[PDB]
Amino acid sequence: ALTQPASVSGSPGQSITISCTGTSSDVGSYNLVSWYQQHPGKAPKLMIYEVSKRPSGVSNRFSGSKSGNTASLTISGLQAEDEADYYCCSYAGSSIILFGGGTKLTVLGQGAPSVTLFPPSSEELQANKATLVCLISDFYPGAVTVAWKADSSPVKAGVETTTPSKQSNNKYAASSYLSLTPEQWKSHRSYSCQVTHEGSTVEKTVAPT
Amino acid sequence: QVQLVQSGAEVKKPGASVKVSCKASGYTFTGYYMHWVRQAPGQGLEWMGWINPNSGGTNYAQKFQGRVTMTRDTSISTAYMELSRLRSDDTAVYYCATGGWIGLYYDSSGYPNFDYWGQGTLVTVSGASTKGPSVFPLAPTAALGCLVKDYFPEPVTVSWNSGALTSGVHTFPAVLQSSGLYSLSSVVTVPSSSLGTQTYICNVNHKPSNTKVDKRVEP
């Protein structure tokens with residue numbers, strides 16, 4: 001489908017860029033590319049339609065353009081409320097519509113996460129199963145990235161991470177569950193949860209001991 | 001105030017079929033397309049195809065043709081989406097979004113101009129069977145909690161000391177594993193001067209399986 005960067009990272013004040021690169025059977029054919037904004041647990045919001053057009057309510061710091069097969073959304077007036085996921089969408093002929101891969105904007109600067117990592121309980125190991133619990137809380141805005149480590153390697157083997165949920169203080173929380181056999185627990189020296197929120201990364205680590 | 005209001009979340013066995021509604025109010029229902037878009041828990045958006053609220057003319061992506069049937073009742077101004085032969089990966093949030101207007105000057109469906117959306121209806125297809133959770137202790141100012149693991153369906157309730165405290169208590173949203181089973185954790189923050197001098201207990205309830213379980217946390 002349409003391909004856009006996995007992550008964009010700006011800092012309050014202004015200027016930024018998100019690219020939706022497509023084929024010639026689109027973008028470099030139609031003036032039919034829309035840009036949508038999605039906050040955690042909410043419906044996407046039309047920020048840009050038909051390449052360069054703004055709906056009603058959408059601030060003039062959002063804009064778009066195109067060059068051949070490259071579509072470009074730019075936010076010039078960056079702001080912590082702008083931290084969200086951004087989707088490219090376009091009409092690729094034959095009466096079908098395609099979406100982007102998803103670009104995750106992050107605003108370097110100001111609510112840091114409250115990571116708390118729990119190791120597999122003494123009992124669960126006796127149930128022939130093992131689970132690592134990375135608990136994240138009290139971070140704003142609601143966009144965070146979670147990466148797991150086995151000693152010093154990216155695991156990714158069944159990580160199950162939750163979409164951030166609004167709390168009673170208008171802040172967010174998330175949870176990451178690493179599932180593995182106890183055999184791959186007594187083996188490796190350590191396991192780490194890396195929580196990246198806005199450039200700043202908080203890392204917790206535990207070990208079999 | 002144009003707005004779309006959909007139905008509220010259904011859990012279906014794999015191999016079944018689900019039908020989602022979308023009530024449009026604020027405009028002439030028969031003058032704008034309605035496209036249905038879905039997204040997986042953690043993944044991105046996916047176009048499922050459009051409908052013409054007047055002629056009921058439909059078109060879908062070539063990977064939905066056969067399973068998806070999009071209809072509409074114009075009397076009550078609502079659109080319907082039916083997904084058949086539900087598979088595991090068909091667990092997603094299903095949105096209804098208005099499109100471009102209908103006119104004679106130009107345009108087939110085409111236009112990805114979804115100005116107004118709906119609150120999304122989440123369908124959950126899983127190896128559906130009711131099961132009580134397994135509760136594990138999470139031992140260590142310090143924090144301690146309970147791992148409520150492998151249950152179905154939503155929801156479960158977690159308390160502490162039968163409600164004697166609510167301070168530092170923070171019950172997390174559940175996660176849906178690839179085995180169609182849920183799991184969450186409930187953590188609480190307490191002084192490191194209270195260890196061995198105060199009993200901390202998590203009380204969990206999963207009514208659908210009805211499983212009340214008290215579990216204690218010690219270092």
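General remarks:
For every residue, the table says whether it meets (1) among the aliphatic types (A, V, I, L, M); (2) facing another protein chain (nearest Cβ under 10 Å); (3) closer than 17 Å to residue A:75 by Cα; (4) out of contact with any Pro (no Cβ under 6 Å at 6 or more places or on another chain).
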{"position": "A:15", "(1), (2), (3), (4)": "no, no, yes, yes"}
{"position": "A:18", "(1), (2), (3), (4)": "yes, no, yes, yes"}
{"position": "A:21", "(1), (2), (3), (4)": "no, no, no, yes"}
{"position": "A:26", "(1), (2), (3), (4)": "no, no, no, yes"}
{"position": "A:30", "(1), (2), (3), (4)": "no, yes, no, yes"}
{"position": "A:33", "(1), (2), (3), (4)": "yes, yes, yes, yes"}
{"position": "A:46", "(1), (2), (3), (4)": "yes, yes, yes, no"}
{"position": "A:59", "(1), (2), (3), (4)": "no, no, yes, yes"}
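Residues are listed down the side, and each one gets a yes or a no for (1) within 12 Å of chain B (Cβ to nearest Cβ); (2) out of contact with any helix residue (DSSP H, G or I) (no Cβ under 7 Å at 6 or more places or on another chain):
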| site | (1), (2) |
| --- | --- |
| A:110 | no, no |
| A:117 | yes, yes |
| A:120 | yes, no |
| A:176 | yes, yes |
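- Some residue of the stretch B:47-59 being of a type in the set (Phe, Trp, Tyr), under 24 Å from the mean Cα position of the chain (by Cα) and under 17 Å from residue A:34 (Cβ atoms): yes
- If you go through the stretch A:63-102 and pick out every residue that is among the polar types (S, T, N, Q) and surrounded by 22 or more Cβ atoms within 10 Å (Cβ to Cβ), you end up with 1.
- Residue in the stretch A:37-52 that is aromatic (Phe, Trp, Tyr) and more than 24 Å from residue B:107 (Cβ to Cβ) present: no
- Residue B:136, sole failed condition from (1) in contact with a helix residue (DSSP H, G or I) (Cβ under 6 Å, 6 or more places away or on another chain); (2) away from every other protein chain (no Cβ under 14 Å); (3) surrounded by 21 or more Cβ atoms within 10 Å (Cβ to Cβ): (2)
- Taking every residue in the stretch B:56-73 that is within 11 Å of another protein chain (Cβ to nearest Cβ) and pairing it with any residue that is assigned to a strand (DSSP E or B) and of a type in the set (A, V, I, L, M), at least 6 positions away or on another chain, the pairs with Cβ-Cβ distances below 6 Å are B:58/B:51; B:58/B:70; B:60/B:68; B:64/B:48.
- When the stretch A:148-168 is filtered for residues that are farther than 14 Å from residue A:113 by Cα and either touching a helix residue (DSSP H, G or I) at 6+ places or on another chain (Cβ under 6 Å) or more than 8 Å from every other protein chain (Cβ to nearest Cβ) (or both), the ones remaining, listed by number, are A:148, A:149, A:150, A:151, A:152, A:153, A:154, A:155, A:156, A:157, A:159, A:168.
- Count of the stretch A:23-53 residues which are in a strand (DSSP E or B) and either surrounded by fewer than 17 Cβ atoms within 10 Å (Cβ to Cβ) or not assigned by CATH to the domain that holds residue A:97 (or both): 1
- Members of the stretch B:75-93 found to be surrounded by 13 or more Cβ atoms within 10 Å (Cβ to Cβ) and outside any strand (DSSP E or B), listed by number: B:77, B:86, B:90, B:91
- Some residue of the stretch B:204-218 being assigned to a loop (DSSP other than H, G, I, E, B) and among the small types (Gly, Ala, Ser): yes
- Cβ separations smaller than 8 Å between residues 6+ apart or across chains give the following pairs from the stretch B:147-163 residues that are assigned by CATH to the domain that holds residue B:174 to residues that are among the basic types (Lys, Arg): B:150/B:131; B:151/B:131; B:152/B:131.
- Residue within the stretch A:43-52 that is among the charged types (D, E, K, R) and within 12 Å of residue A:87 (Cβ to Cβ) present: yes
- Residue satisfying condition, being outside the structural domain of residue A:73 (by CATH), in a loop (DSSP other than H, G, I, E, B) and within 20 Å of the chain's Cα centre (by Cα), within set A:114, A:122, A:137, A:175: A:114
- Count of the stretch B:139-153 residues which are surrounded by fewer than 21 Cβ atoms within 10 Å (Cβ to Cβ) and either at the interface with another protein chain (Cβ under 7 Å from one of its Cβ atoms) or not acidic (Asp, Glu) (or both): 6
- Scanning the stretch A:10-22 for residues that are more than 11 Å from residue A:66 (Cβ to Cβ) and surrounded by 14 or more Cβ atoms within 10 Å (Cβ to Cβ) yields A:10, A:11, A:16, A:18.
- Search result, residues across the stretch B:160-179 that are more than 11 Å from chain A (Cβ to nearest Cβ), over 20 Å from residue B:141 (Cα atoms) and in contact with a strand residue (DSSP E or B) (Cβ under 7 Å, 6 or more places away or on another chain): B:162
What is reported rests on the model, the rules as stated and the sources as named; these are not laboratory values. When we count neighbours, we look across all protein chains shown, and the Cβ atoms used for this are built from the backbone with ideal geometry, even at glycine.
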